[PDB]
$ cat target_14.txt   # compact mmCIF, C-alpha atoms and all ligand atoms
# COMPACT_ATOMS: atom_id res chain seq x y z
CA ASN W 18 -12.43 17.26 -20.44
CA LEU W 19 -8.81 16.79 -19.44
CA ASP W 20 -6.72 17.66 -22.44
CA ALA W 21 -5.31 21.06 -21.42
CA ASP W 22 -3.31 19.26 -18.74
CA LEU W 23 -2.07 16.66 -21.24
CA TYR W 24 -0.70 18.50 -24.31
CA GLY W 25 3.06 17.89 -24.49
CA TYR W 26 3.38 14.76 -22.33
CA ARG W 27 4.25 11.45 -23.92
CA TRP W 28 2.71 8.19 -22.78
CA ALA W 29 3.81 4.87 -21.31
CA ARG W 30 1.76 2.02 -19.84
CA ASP W 31 3.16 0.86 -16.46
CA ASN W 32 2.54 -2.51 -14.87
CA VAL W 33 3.44 -2.33 -11.18
CA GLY W 34 1.28 -5.32 -10.22
CA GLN W 35 -1.60 -2.90 -9.79
CA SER W 36 -4.93 -4.67 -9.30
CA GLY W 37 -7.23 -3.71 -12.13
CA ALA W 38 -6.45 -0.14 -13.01
CA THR W 39 -4.48 0.81 -16.11
CA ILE W 40 -1.64 3.16 -15.18
CA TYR W 41 -0.22 5.57 -17.73
CA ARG W 42 3.01 7.41 -17.06
CA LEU W 43 3.07 10.92 -18.48
CA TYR W 44 6.49 12.34 -19.24
CA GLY W 45 8.63 14.25 -21.71
CA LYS W 46 7.02 17.64 -21.21
CA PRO W 47 9.71 20.20 -20.41
CA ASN W 48 9.05 22.66 -17.55
CA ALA W 49 6.38 20.16 -16.44
CA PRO W 50 6.49 17.35 -13.88
CA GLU W 51 5.96 13.63 -14.61
CA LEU W 52 2.33 12.63 -14.10
CA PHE W 53 0.38 9.45 -13.51
CA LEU W 54 -3.10 8.82 -14.82
CA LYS W 55 -4.89 5.83 -13.26
CA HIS W 56 -7.91 4.48 -15.18
CA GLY W 57 -10.47 2.09 -13.82
CA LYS W 58 -13.57 0.75 -15.50
CA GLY W 59 -16.57 -1.05 -14.06
CA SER W 60 -15.91 -2.21 -10.53
CA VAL W 61 -12.30 -1.04 -10.65
CA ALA W 62 -13.49 2.53 -11.07
CA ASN W 63 -14.78 2.34 -7.48
CA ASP W 64 -11.23 1.52 -6.48
CA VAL W 65 -9.76 4.47 -8.35
CA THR W 66 -12.47 6.55 -6.67
CA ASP W 67 -11.53 5.29 -3.22
CA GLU W 68 -7.93 6.31 -3.82
CA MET W 69 -8.81 9.84 -4.89
CA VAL W 70 -10.77 10.61 -1.71
CA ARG W 71 -8.01 9.19 0.44
CA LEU W 72 -5.29 11.10 -1.41
CA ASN W 73 -7.39 14.17 -0.89
CA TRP W 74 -8.05 13.54 2.77
CA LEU W 75 -4.57 12.31 3.70
CA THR W 76 -2.52 15.06 2.05
CA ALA W 77 -3.58 17.42 4.80
CA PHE W 78 -1.16 15.38 6.96
CA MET W 79 1.41 13.31 5.00
CA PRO W 80 3.40 13.99 1.82
CA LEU W 81 1.41 12.62 -1.13
CA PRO W 82 1.06 13.00 -4.88
CA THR W 83 -1.29 15.93 -5.55
CA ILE W 84 -4.57 15.39 -7.46
CA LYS W 85 -4.26 17.53 -10.55
CA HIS W 86 -7.59 16.15 -11.85
CA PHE W 87 -10.23 13.47 -11.27
CA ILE W 88 -13.19 12.33 -13.37
CA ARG W 89 -15.93 9.88 -12.47
CA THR W 90 -18.66 8.75 -14.88
CA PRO W 91 -21.05 5.85 -14.34
CA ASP W 92 -18.49 3.25 -15.42
CA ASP W 93 -15.14 5.08 -15.57
CA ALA W 94 -12.87 6.81 -13.10
CA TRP W 95 -9.84 8.79 -14.24
CA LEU W 96 -7.21 10.02 -11.76
CA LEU W 97 -4.36 12.37 -12.69
CA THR W 98 -1.66 13.00 -10.08
CA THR W 99 1.82 14.49 -9.89
CA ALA W 100 4.68 12.04 -9.53
CA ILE W 101 6.91 11.70 -6.53
CA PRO W 102 10.49 11.89 -7.87
CA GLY W 103 12.78 9.19 -6.56
CA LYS W 104 13.18 5.44 -6.21
CA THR W 105 11.11 2.93 -4.26
CA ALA W 106 12.33 1.84 -0.85
CA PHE W 107 12.80 -1.58 -2.44
CA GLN W 108 15.05 -0.28 -5.20
CA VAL W 109 17.17 1.75 -2.78
CA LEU W 110 17.55 -1.34 -0.61
CA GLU W 111 18.69 -3.40 -3.63
CA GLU W 112 21.03 -0.75 -5.00
CA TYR W 113 22.68 0.15 -1.66
CA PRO W 114 22.47 -2.66 0.84
CA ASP W 115 24.83 -0.82 3.20
CA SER W 116 22.00 1.71 3.72
CA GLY W 117 19.28 -0.62 4.97
CA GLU W 118 19.77 0.52 8.56
CA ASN W 119 18.87 4.13 7.69
CA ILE W 120 16.11 3.09 5.33
CA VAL W 121 14.40 0.94 7.97
CA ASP W 122 14.98 3.70 10.53
CA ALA W 123 13.33 6.15 8.14
CA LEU W 124 10.48 3.74 7.41
CA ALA W 125 9.67 3.34 11.10
CA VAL W 126 9.74 7.03 11.92
CA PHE W 127 7.46 7.72 8.92
CA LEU W 128 5.08 4.94 9.84
CA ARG W 129 5.00 6.35 13.38
CA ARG W 130 4.10 9.74 11.89
CA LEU W 131 1.16 8.32 9.90
CA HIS W 132 -0.06 6.38 12.94
CA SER W 133 0.15 9.41 15.17
CA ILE W 134 -2.56 11.06 13.09
CA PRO W 135 -5.48 11.08 15.54
CA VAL W 136 -8.27 8.79 14.38
CA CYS W 137 -10.87 11.46 15.14
CA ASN W 138 -9.63 13.08 11.91
CA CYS W 139 -10.16 9.98 9.78
CA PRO W 140 -13.48 9.39 7.93
CA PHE W 141 -12.46 6.01 6.48
CA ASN W 142 -12.93 2.59 8.02
CA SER W 143 -10.67 -0.33 7.18
CA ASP W 144 -10.79 -2.55 10.22
CA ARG W 145 -10.40 -6.30 10.03
CA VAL W 146 -14.15 -7.00 9.85
CA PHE W 147 -14.29 -4.72 6.81
CA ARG W 148 -11.27 -6.38 5.23
CA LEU W 149 -12.40 -9.88 6.18
CA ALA W 150 -15.69 -9.34 4.38
CA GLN W 151 -13.80 -8.01 1.38
CA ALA W 152 -11.51 -11.02 1.51
CA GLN W 153 -14.40 -13.43 1.45
CA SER W 154 -15.97 -11.71 -1.55
CA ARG W 155 -12.71 -12.25 -3.48
CA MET W 156 -12.26 -15.82 -2.30
CA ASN W 157 -15.78 -16.86 -3.17
CA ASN W 158 -15.28 -15.28 -6.61
CA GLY W 159 -11.95 -16.99 -7.21
CA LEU W 160 -9.94 -13.80 -7.60
CA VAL W 161 -7.44 -14.59 -4.82
CA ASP W 162 -3.99 -15.19 -6.31
CA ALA W 163 -2.92 -18.51 -4.73
CA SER W 164 0.20 -18.30 -6.88
CA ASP W 165 1.43 -15.43 -4.73
CA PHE W 166 0.92 -16.71 -1.18
CA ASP W 167 3.78 -16.21 1.26
CA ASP W 168 6.16 -19.21 1.46
CA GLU W 169 4.79 -20.63 4.73
CA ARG W 170 1.46 -20.98 2.92
CA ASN W 171 2.76 -21.87 -0.54
CA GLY W 172 0.44 -24.15 -2.48
CA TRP W 173 -2.19 -24.05 0.27
CA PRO W 174 -5.75 -24.02 -1.02
CA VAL W 175 -7.40 -20.61 -0.52
CA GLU W 176 -10.19 -22.14 1.64
CA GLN W 177 -7.46 -23.37 3.98
CA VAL W 178 -5.73 -20.04 4.41
CA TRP W 179 -9.19 -18.68 5.10
CA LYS W 180 -9.79 -21.37 7.76
CA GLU W 181 -6.41 -21.10 9.48
CA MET W 182 -6.91 -17.34 9.64
CA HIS W 183 -9.98 -17.43 11.91
CA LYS W 184 -8.09 -19.54 14.46
CA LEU W 185 -5.82 -16.63 15.43
CA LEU W 186 -8.81 -14.36 15.95
CA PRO W 187 -9.67 -12.81 18.20
CA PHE W 188 -7.13 -10.24 19.22
CA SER W 189 -7.52 -6.93 21.07
CA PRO W 190 -7.97 -4.29 18.44
CA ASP W 191 -5.99 -1.11 18.61
CA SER W 192 -6.95 1.53 16.09
CA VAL W 193 -4.74 3.98 14.25
CA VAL W 194 -4.61 5.60 10.83
CA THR W 195 -3.05 3.02 8.52
CA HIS W 196 -1.70 2.94 4.98
CA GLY W 197 -3.25 -0.37 4.01
CA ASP W 198 -0.34 -1.43 1.81
CA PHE W 199 2.86 -0.39 3.56
CA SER W 200 5.07 -2.44 1.24
CA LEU W 201 8.55 -1.63 -0.01
CA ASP W 202 7.11 -0.64 -3.39
CA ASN W 203 4.92 2.08 -1.95
CA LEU W 204 7.32 4.40 -0.14
CA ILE W 205 9.42 6.76 -2.22
CA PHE W 206 13.01 7.67 -1.33
CA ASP W 207 15.11 10.47 -2.84
CA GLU W 208 18.62 11.72 -2.01
CA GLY W 209 18.64 9.47 1.05
CA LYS W 210 15.41 10.91 2.44
CA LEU W 211 11.98 9.31 2.63
CA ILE W 212 9.76 11.89 0.98
CA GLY W 213 6.35 10.41 0.34
CA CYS W 214 4.19 7.38 -0.04
CA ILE W 215 1.92 6.17 -2.79
CA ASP W 216 -0.97 3.80 -3.38
CA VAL W 217 -3.22 5.15 -0.65
CA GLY W 218 -6.38 3.35 -1.75
CA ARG W 219 -6.85 1.20 1.36
CA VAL W 220 -6.05 3.98 3.83
CA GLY W 221 -8.41 4.05 6.83
CA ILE W 222 -8.73 3.15 10.50
CA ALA W 223 -7.25 -0.25 11.43
CA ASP W 224 -4.84 -2.13 13.67
CA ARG W 225 -1.29 -0.81 13.36
CA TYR W 226 -0.17 -4.33 12.55
CA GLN W 227 -1.94 -3.88 9.23
CA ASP W 228 0.99 -1.70 8.25
CA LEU W 229 3.69 -3.28 10.43
CA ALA W 230 3.02 -6.85 9.14
CA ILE W 231 3.18 -6.05 5.46
CA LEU W 232 6.43 -4.08 5.82
CA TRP W 233 7.99 -6.67 8.15
CA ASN W 234 7.29 -9.33 5.49
CA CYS W 235 8.90 -7.26 2.75
CA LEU W 236 12.02 -6.99 4.91
CA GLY W 237 11.91 -10.78 5.17
CA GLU W 238 13.60 -10.75 1.75
CA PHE W 239 16.67 -8.98 3.12
CA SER W 240 17.57 -9.70 6.73
CA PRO W 241 15.83 -10.91 9.94
CA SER W 242 17.98 -8.25 11.53
CA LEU W 243 16.38 -5.53 9.38
CA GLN W 244 12.97 -6.93 10.35
CA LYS W 245 13.93 -6.63 14.01
CA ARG W 246 14.91 -2.96 13.71
CA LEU W 247 11.52 -2.08 12.17
CA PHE W 248 9.81 -3.08 15.39
CA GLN W 249 12.68 -1.65 17.40
CA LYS W 250 12.62 1.87 15.88
CA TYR W 251 8.82 1.96 15.96
CA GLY W 252 9.14 1.15 19.66
CA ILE W 253 7.35 -2.15 20.20
CA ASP W 254 9.22 -4.45 22.60
CA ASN W 255 7.71 -7.79 21.69
CA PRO W 256 6.06 -8.09 18.30
CA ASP W 257 2.57 -9.57 18.64
CA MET W 258 3.34 -12.57 16.40
CA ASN W 259 -0.34 -13.59 16.40
CA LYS W 260 -1.28 -10.21 15.02
CA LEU W 261 1.59 -10.25 12.54
CA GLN W 262 0.53 -13.67 11.30
CA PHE W 263 -3.14 -12.61 10.97
CA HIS W 264 -2.43 -9.55 8.85
CA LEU W 265 -0.05 -11.41 6.58
CA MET W 266 -2.73 -14.05 6.07
CA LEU W 267 -5.28 -11.34 5.29
CA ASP W 268 -3.02 -9.78 2.67
CA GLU W 269 -2.88 -13.13 0.85
CA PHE W 270 -6.46 -12.46 -0.26
CA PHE W 271 -5.74 -9.16 -1.97
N1 LIG W 301 -2.09 -9.56 -5.47
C1 LIG W 301 -2.08 -8.10 -5.59
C2 LIG W 301 -0.99 -7.54 -4.68
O1 LIG W 301 0.39 -8.03 -4.94
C3 LIG W 301 1.40 -7.56 -4.00
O2 LIG W 301 0.95 -8.05 -2.74
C4 LIG W 301 1.13 -9.47 -2.45
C5 LIG W 301 2.51 -9.78 -1.84
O3 LIG W 301 3.57 -9.22 -2.65
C6 LIG W 301 2.66 -11.30 -1.54
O4 LIG W 301 3.92 -11.68 -0.97
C7 LIG W 301 4.96 -11.80 -1.92
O5 LIG W 301 5.67 -10.57 -2.17
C8 LIG W 301 6.30 -10.01 -1.00
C9 LIG W 301 7.13 -8.78 -1.43
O6 LIG W 301 6.27 -7.80 -2.00
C10 LIG W 301 7.30 -10.97 -0.42
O7 LIG W 301 7.90 -10.38 0.73
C11 LIG W 301 6.56 -12.25 -0.03
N2 LIG W 301 7.45 -13.30 0.51
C12 LIG W 301 5.96 -12.78 -1.29
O8 LIG W 301 5.23 -14.00 -1.08
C13 LIG W 301 1.66 -11.60 -0.46
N3 LIG W 301 1.73 -13.04 -0.14
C14 LIG W 301 0.26 -11.25 -0.96
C15 LIG W 301 0.14 -9.80 -1.33
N4 LIG W 301 -1.21 -9.63 -1.86
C16 LIG W 301 1.37 -6.02 -4.00
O9 LIG W 301 2.21 -5.48 -2.97
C17 LIG W 301 -0.04 -5.48 -3.72
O10 LIG W 301 -0.05 -4.06 -3.78
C18 LIG W 301 -0.99 -6.01 -4.77
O11 LIG W 301 -2.28 -5.50 -4.51
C1 LIG W 302 9.53 5.96 -8.65
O1 LIG W 302 8.63 4.94 -8.18
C2 LIG W 302 7.35 5.41 -8.23
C3 LIG W 302 7.07 6.76 -7.99
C4 LIG W 302 5.76 7.21 -8.04
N1 LIG W 302 5.48 8.49 -7.81
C5 LIG W 302 4.22 8.90 -7.87
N2 LIG W 302 3.22 8.07 -8.16
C6 LIG W 302 3.41 6.74 -8.34
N3 LIG W 302 2.45 5.87 -8.73
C7 LIG W 302 1.12 6.08 -8.75
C8 LIG W 302 0.26 5.08 -9.18
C9 LIG W 302 -1.13 5.25 -9.13
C10 LIG W 302 -1.71 6.36 -8.53
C11 LIG W 302 -0.85 7.32 -8.01
CL1 LIG W 302 -1.48 8.73 -7.24
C12 LIG W 302 0.53 7.15 -8.09
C13 LIG W 302 4.73 6.33 -8.38
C14 LIG W 302 5.00 4.99 -8.58
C15 LIG W 302 6.31 4.53 -8.53
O2 LIG W 302 6.55 3.21 -8.76
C16 LIG W 302 6.41 2.47 -7.52
NA NA W 303 0.63 16.70 2.02
$ encode --input "target_14.txt" --output "structure tokens" --more "lines below"
Ligand SMILES: NC[C@H]1O[C@H](O[C@H]2[C@H](O)[C@@H](O[C@H]3O[C@H](CO)[C@@H](O)[C@H](N)[C@H]3O)[C@H](N)C[C@@H]2N)[C@H](O)[C@@H](O)[C@@H]1O
Ligand SMILES: COc1cc2ncnc(Nc3cccc(Cl)c3)c2cc1OC
Ligand code: NA
Amino acid sequence: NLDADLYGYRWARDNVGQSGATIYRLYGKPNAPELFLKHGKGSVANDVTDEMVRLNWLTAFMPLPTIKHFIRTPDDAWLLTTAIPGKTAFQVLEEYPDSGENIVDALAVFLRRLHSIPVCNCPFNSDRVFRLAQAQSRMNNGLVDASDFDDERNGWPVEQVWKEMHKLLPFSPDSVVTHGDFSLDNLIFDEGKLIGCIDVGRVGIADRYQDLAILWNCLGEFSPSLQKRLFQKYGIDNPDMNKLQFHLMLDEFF
């Protein structure tokens, strides 16, 4: 069982937009750090499982929550991790908009760090063909949230987004180690420093634009100038807009 690690903590049920899994926040225990327990049943358990192995693999390189405990049974996955103290990049942007330049600088450096991890270390695949297949299996089961499409695709039928996506293909792949969901909700700041990332479930090998696109979009809600810096700090001279557009369209399906 699990209980030894759970005496003393009190419980809260977070909703961070998290696909499928129930997230409990464990707190209140003195001399003990906040904890998260992710719980997935049925198919979603696979997803909790995927995150555990990636947390476990990736922490050899980046700063992650540590796996205090994981349980898999035929239909249920439970994942207990330590919390990363701090606020999301998004919150820190909102609260201190005269700090965006250092936050985007920090985000780029960090993303460069992740991507510099040599692929020969990484046992996980998440290239477009993998994701594309996944995206179809969510389209053709009507799980794609058309409500949440980016503005330039607002109210489009899903089967359209799908069709317009394959027009940009093909592009030259480049392969690095990617986060999978490099959004402003998933990087944790504290005392001005970037100190860790969360939500590592889609981590694997893919085109860098998988991470660059998603973050660049999030900074769309603040300043086109902030978006520019992201690419500028990272060191790309001319953003591959085709690639950007493809990855943003692929995220629509998840
Ligand atoms: N559905 C489940 C997913 O929900 C969010 O992802 C969605 C984005 O948020 C959407 O975009 C909107 O939100 C962005 C800021 O987050 C804005 O910049 C943008 N203009 C907005 O249209 C985008 N179209 C699809 C993407 N799947 C979570 O991050 C992700 O973890 C979670 O799995
Ligand atoms: C303070 O903001 C957060 C910190 C976090 N610190 C650690 N873990 C987080 N979430 C979490 C959710 C599921 C699984 C795991 Cl390992 C972590 C956190 C989520 C947060 O909300 C975005
Ligand atoms: Na680590």
$ residues_around --input "target_14.txt" --residues "segment 70-79 of chain W" --least-positions-apart "2" --cutoff "8 Å" --atoms "only C-alpha atoms" --output "VMD selection string"
chain W and resid 66 to 68 81 to 84 131 134 213 217 to 218 220
$ atom_distance --input "target_14.txt" --atom1 "atom CA of residue 53 of chain W" --atom2 "atom CA of residue 196 of chain W"
19.7 Å
$ atom_distance --input "target_14.txt" --atom1 "atom CA of residue 23 of chain W" --atom2 "atom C1 of ligand LIG 302 (chain W)"
20.2 Å
$ closest_residue --input "target_14.txt" --among "W:80, W:187, W:142, W:261" --to "ligand NA 303 (chain W)" --atoms "only C-alpha atoms and all ligand atoms"
W:80
$ residues_near_ligand --input "target_14.txt" --ligand "ligand LIG 302 (chain W)" --cutoff "10 Å" --atoms "only C-alpha atoms and all ligand atoms" --output "PyMOL selection string"
chain W and resi 31-35+38-42+51-56+65+68-69+72+81-85+96-108+201-207+213-218
$ write_last_selection --input "target_14.txt" --atoms "C-alpha atoms" --output "PDB file, in the frame of the given file"
ATOM      1  CA  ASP W  31       3.160   0.860 -16.460  1.00  0.00           C
ATOM      2  CA  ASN W  32       2.540  -2.510 -14.870  1.00  0.00           C
ATOM      3  CA  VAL W  33       3.440  -2.330 -11.180  1.00  0.00           C
ATOM      4  CA  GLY W  34       1.280  -5.320 -10.220  1.00  0.00           C
ATOM      5  CA  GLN W  35      -1.600  -2.900  -9.790  1.00  0.00           C
ATOM      6  CA  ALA W  38      -6.450  -0.140 -13.010  1.00  0.00           C
ATOM      7  CA  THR W  39      -4.480   0.810 -16.110  1.00  0.00           C
ATOM      8  CA  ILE W  40      -1.640   3.160 -15.180  1.00  0.00           C
ATOM      9  CA  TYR W  41      -0.220   5.570 -17.730  1.00  0.00           C
ATOM     10  CA  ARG W  42       3.010   7.410 -17.060  1.00  0.00           C
ATOM     11  CA  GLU W  51       5.960  13.630 -14.610  1.00  0.00           C
ATOM     12  CA  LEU W  52       2.330  12.630 -14.100  1.00  0.00           C
ATOM     13  CA  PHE W  53       0.380   9.450 -13.510  1.00  0.00           C
ATOM     14  CA  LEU W  54      -3.100   8.820 -14.820  1.00  0.00           C
ATOM     15  CA  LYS W  55      -4.890   5.830 -13.260  1.00  0.00           C
ATOM     16  CA  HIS W  56      -7.910   4.480 -15.180  1.00  0.00           C
ATOM     17  CA  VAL W  65      -9.760   4.470  -8.350  1.00  0.00           C
ATOM     18  CA  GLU W  68      -7.930   6.310  -3.820  1.00  0.00           C
ATOM     19  CA  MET W  69      -8.810   9.840  -4.890  1.00  0.00           C
ATOM     20  CA  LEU W  72      -5.290  11.100  -1.410  1.00  0.00           C
ATOM     21  CA  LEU W  81       1.410  12.620  -1.130  1.00  0.00           C
ATOM     22  CA  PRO W  82       1.060  13.000  -4.880  1.00  0.00           C
ATOM     23  CA  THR W  83      -1.290  15.930  -5.550  1.00  0.00           C
ATOM     24  CA  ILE W  84      -4.570  15.390  -7.460  1.00  0.00           C
ATOM     25  CA  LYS W  85      -4.260  17.530 -10.550  1.00  0.00           C
ATOM     26  CA  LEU W  96      -7.210  10.020 -11.760  1.00  0.00           C
ATOM     27  CA  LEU W  97      -4.360  12.370 -12.690  1.00  0.00           C
ATOM     28  CA  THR W  98      -1.660  13.000 -10.080  1.00  0.00           C
ATOM     29  CA  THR W  99       1.820  14.490  -9.890  1.00  0.00           C
ATOM     30  CA  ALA W 100       4.680  12.040  -9.530  1.00  0.00           C
ATOM     31  CA  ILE W 101       6.910  11.700  -6.530  1.00  0.00           C
ATOM     32  CA  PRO W 102      10.490  11.890  -7.870  1.00  0.00           C
ATOM     33  CA  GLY W 103      12.780   9.190  -6.560  1.00  0.00           C
ATOM     34  CA  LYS W 104      13.180   5.440  -6.210  1.00  0.00           C
ATOM     35  CA  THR W 105      11.110   2.930  -4.260  1.00  0.00           C
ATOM     36  CA  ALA W 106      12.330   1.840  -0.850  1.00  0.00           C
ATOM     37  CA  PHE W 107      12.800  -1.580  -2.440  1.00  0.00           C
ATOM     38  CA  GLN W 108      15.050  -0.280  -5.200  1.00  0.00           C
ATOM     39  CA  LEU W 201       8.550  -1.630  -0.010  1.00  0.00           C
ATOM     40  CA  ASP W 202       7.110  -0.640  -3.390  1.00  0.00           C
ATOM     41  CA  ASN W 203       4.920   2.080  -1.950  1.00  0.00           C
ATOM     42  CA  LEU W 204       7.320   4.400  -0.140  1.00  0.00           C
ATOM     43  CA  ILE W 205       9.420   6.760  -2.220  1.00  0.00           C
ATOM     44  CA  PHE W 206      13.010   7.670  -1.330  1.00  0.00           C
ATOM     45  CA  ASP W 207      15.110  10.470  -2.840  1.00  0.00           C
ATOM     46  CA  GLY W 213       6.350  10.410   0.340  1.00  0.00           C
ATOM     47  CA  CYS W 214       4.190   7.380  -0.040  1.00  0.00           C
ATOM     48  CA  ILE W 215       1.920   6.170  -2.790  1.00  0.00           C
ATOM     49  CA  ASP W 216      -0.970   3.800  -3.380  1.00  0.00           C
ATOM     50  CA  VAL W 217      -3.220   5.150  -0.650  1.00  0.00           C
ATOM     51  CA  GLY W 218      -6.380   3.350  -1.750  1.00  0.00           C
TER      52      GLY W 218
END
$ closest_residue --input "target_14.txt" --among "W:29, W:150, W:110, W:212" --to "ligand NA 303 (chain W)" --atoms "all atoms listed in the file"
W:212
$ residues_near_ligand --input "target_14.txt" --ligand "ligand LIG 301 (chain W)" --cutoff "8 Å" --atoms "only C-alpha atoms and all ligand atoms" --output "PyMOL selection string"
chain W and resi 34-36+161-162+165-168+198+200-202+216+231+234-238+265-266+268-271
$ atom_distance --input "target_14.txt" --atom1 "atom CA of residue 121 of chain W" --atom2 "atom CA of residue 247 of chain W"
5.9 Å
$ closest_residue --input "target_14.txt" --among "W:125, W:19, W:267, W:223" --to "residue 185 of chain W" --atoms "only C-alpha atoms"
W:267
$ residues_around --input "target_14.txt" --residues "residue 252 of chain W" --least-positions-apart "5" --cutoff "12 Å" --atoms "only C-alpha atoms" --output "JSON, numbers by chain"
{"W": [122, 125, 126, 128, 129, 229, 245, 246, 247]}
$ closest_residue --input "target_14.txt" --among "W:18, W:243, W:91, W:255" --to "residue 117 of chain W" --atoms "only C-alpha atoms"
W:243
